[PDB]
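Summary of structural features
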Amino acid sequence: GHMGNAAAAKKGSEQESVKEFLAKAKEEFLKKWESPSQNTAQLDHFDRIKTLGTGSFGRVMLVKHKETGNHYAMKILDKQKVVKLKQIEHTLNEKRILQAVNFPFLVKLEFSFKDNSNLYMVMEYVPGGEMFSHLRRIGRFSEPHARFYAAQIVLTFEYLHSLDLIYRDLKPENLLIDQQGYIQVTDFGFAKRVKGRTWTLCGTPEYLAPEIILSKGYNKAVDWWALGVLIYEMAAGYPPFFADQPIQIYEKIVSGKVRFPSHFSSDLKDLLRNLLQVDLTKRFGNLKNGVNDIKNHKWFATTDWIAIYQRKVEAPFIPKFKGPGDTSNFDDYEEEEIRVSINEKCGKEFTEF
Amino acid sequence: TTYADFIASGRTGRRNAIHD
Ligand SMILES: C[C@@H]1CNCCN1S(=O)(=O)c1cccc2cnccc12
């Protein structure tokens with residue numbers, strides 16, 4: 001067979017140890033999920049420095065904690081806008097997930113609080129910026145570079161899926177690089193606890209699995225499809241399915257045809273054909289062998305999964321870092337003061353936050 | 001080239017989710 005006796009015994013023991021780790025992590029998650037934390041700080045505990053990102057949600061600012069001097073990223077949400085945008089459940093869900101999970105590649109929520117006008121989530125500051133920016137600048141990542149990031153996503157999804165969480169929002173825009181060159185996942189608004197199937201149309205066109213586009217009930221296998229898109233885009237510099245308009249992207253996604261750059265290795269093409277598999281009965285991550293079909297694929301043969309988890313692998317790329325509070329890996333945004341109304345807005349809706 | 005087609009798509013910047 002492919003493995004001699006020593007290699008087969010080592011792989012078997014390793015897979016059993018994963019099961020043991022995940023069973024304990026689920027126990028710890030469910031304790032925190034059932035008893036969340038709240039009201040662990042207030043606004044005048046921090047100096048606000050610079051906007052790091054903006055969206056329909058609100059904005060994220062670099063802040064400095066007065067007592068400790070530590071820097072953090074503070075997400076500020078306007079309650080009235082969250083309601084108008086129909087995002088109450090997503091916002092409460094994001095906070096509940098973030099306070100309950102624990103994994104080296106998931107961003108840590110350090111504080112949360114609210115006032116008359118806004119909701120606040122204070123997360124560790126990840127100074128390296130978005131993977132998106134580095135990828136467009138460099139052009140593409142080498143296969144070893146892409147593989148180092150991919151391994152972290154595989155382990156992160158193995159963790160989340162064991163908790164029955166589907167992620168649904170994978171793309172380079174949503175992945176940050178930390179000071180040691182490792183990945184941080186931050187956004188959980190679209191994540192959902194689902195043991196079986198769910199039906200919401202959500203995600204980003206280039207990264208949508210066919211069964212979402214086709215308005216089917218779907219499961220955690222959509223995350224393994226999206227991993228295939230991410231690996232492709234990291235290694236090529238562009239995604240596998242693109243066009244001028246989303247409907248044309250969707251036609252390509254559901255077609256079952258994908259084409260590769262000539263510089264892709266055969267091992268990479270084989271993995272990607274098995275992740276970008278339209279037939280759910282054949283997609284890696286969705287078979288009897290589960291995540292092991294991915295982790296044991298030839299393209300990952302040089303990956304030491306425990307060493308990645310322990311953060312003992314030397315990263316291929318370390319972002320520029322001039323000191324704490326350095327914001328040079330993020331964009332510049334028009335600053336806008338944060339007003340707090342004399343009148344509480346939307347109290348009932350956000351009573352659990 | 002495929003790269004040229006990607007530039008021509010106009011979707012080289014940050015991509016929004018559907019709900020936006
Ligand atoms: C693209 C990401 C995800 N989408 C929302 C916007 N952001 S972000 O503003 O950079 C951001 C979010 C969360 C925690 C952060 C921690 N350190 C730095 C930036 C952080």
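For the structure, see preceding data.
Residues numbered from 1 in each chain as written, not as in the entry; some residues may be left out. Chains lettered and ligands numbered in written order. Heavy atoms only, no water. Residues with missing side-chain atoms left out of burial classes, pairs and counts.

Facing the 16 residues of chain B at the interface are 27 residues of chain A. When the residues that make up the side of chain B that touches chain A are grouped by side-chain class, the tally is five nonpolar, six polar and five charged. (Contact = heavy atoms within 4.5 Å. Nonpolar A, V, L, I, M, F, W, Y, C, P; charged D, E, K, R; others polar.)

Moving on: the sheet that holds strand β2 (residues 58-65) of chain A. All names here are of chain A. Read from one edge to the other, the open sheet built from five strands follows the order β1-β2-β3-β5-β4, with strand pairing classed as antiparallel. Edge positions in the open sheet fall to β1 (46-54) and β4 (109-114), since each of these has one partner strand only. Ignoring strand direction, the axes of neighbouring strands in this sheet form an average angle of 25°. Against the sheet, helix α3 (residues 88-100) engages β3 (71-78), β4 and β5 (118-124), with an angle of about 30° to β5. (Pairing = 2+ DSSP bridges. Helix = DSSP H or I, 4+ residues; strand = E, 2+ residues; numbered from the N terminus. Axes fitted to C-alpha atoms, helices over the stretch in contact; angles between N-to-C directions.)

Residue and element names in this part refer to chain A. Here β5 lies mainly inside the structure; six of its seven residues are buried. Inspection of the sheet shows β3 paired to β5 by seven bridges, in the antiparallel sense. From the neighbouring strand, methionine 74 faces β5, where its bridge partner is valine 122. Sheet topology note: the β4/β5 ladder contains five bridges and is antiparallel. When the bridges of β5 are listed, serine 112 appears paired with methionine 121. Remark: three residues form the turn of the hairpin made by β4 and β5, two consecutive strands paired antiparallel. (Buried < 20%, exposed > 50% of the residue type's maximum accessible area, 1.4 Å probe, protein only.)

What follows deals with the site of the ligand. Residue and element names in this part refer to chain A. The ligand sits among 14 residues. The nearest are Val60, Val126, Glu130, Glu173 and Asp187. Residue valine 126 places a main-chain N or O atom 2.9 Å away from a nitrogen atom belonging to the ligand. The side chain of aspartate 187 places a nitrogen or oxygen atom 2.9 Å from a nitrogen atom of the ligand. Here the ligand, which alone exposes 440 Å², has 94% of that area covered by the protein. (Near = heavy atom within 4 Å. Polar contact = N/O pair within 3.5 Å; in protein donor to acceptor, adjacent residues only side chain to side chain. Areas by Shrake-Rupley, 256 points an atom, 1.4 Å probe, with all protein chains shown as cover.)

Residue and element names in this part refer to chain A. In the structure shown here, the tally under the stated rule is 29 aromatic pairs over all chains. Summarising the aromatic geometry, the rings of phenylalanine 21 and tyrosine 309 are spaced 5.6 Å apart at their centres and angled 80° between planes, so their arrangement reads as edge-to-face. Taken as a pair, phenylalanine 21 in helix α1 (residues 5-34) and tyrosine 309 in helix α11 (residues 305-309) lie far apart in primary sequence, 288 residues in all. For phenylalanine 21, a relative accessible area of 33% gives the class partly exposed. Pairwise contacts between aromatic rings join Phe21, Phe103, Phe105, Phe141, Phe148, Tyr149, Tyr159, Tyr182 and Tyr309 into one cluster. The ring of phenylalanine 353 carries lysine 95 above its face, with NZ or CZ at 5.3 Å from the centroid. (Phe/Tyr/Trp six-rings, centres within 6.5 Å; stacked < 30°, edge-to-face > 60°. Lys NZ or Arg CZ within 6 Å of the ring centre and 35° of its normal.)

As a further point, take empty space enclosed by the protein. The gaps left among the atoms become clear once a water-sized probe is rolled over them. All names here are of chain A. Its volume calculated, the largest cavity comes out at about 110 Å³. Around the largest cavity, the lining is made up of 14 residues, and of these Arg168, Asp169, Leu170, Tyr207 and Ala226 lie nearest the centre. Of all the elements, helix α7 (residues 221-236) adds the most residues to the lining of the largest cavity, at three residues. A per-class count over the lining of the largest cavity returns eight nonpolar, two polar and four charged. (1 Å grid on protein atoms, 1.4 Å probe; cavity = no way out; pocket = protein on both sides within 12 Å on 5 of 7 lines; lining within 4 Å. Points joined across faces, edges and corners; volume = space filled by probe spheres on them.)

Take the environment of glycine 290 of chain A next. Relative to the helices and strands, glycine 290 of chain A is located in the loop between α9 (266-275) and α10 (292-295). For the pair formed by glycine 290 of chain A and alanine 221 of chain A, sequence separation is 69 residues and the distance between their alpha carbons is 10.0 Å.

Geometry only, nothing functional implied.
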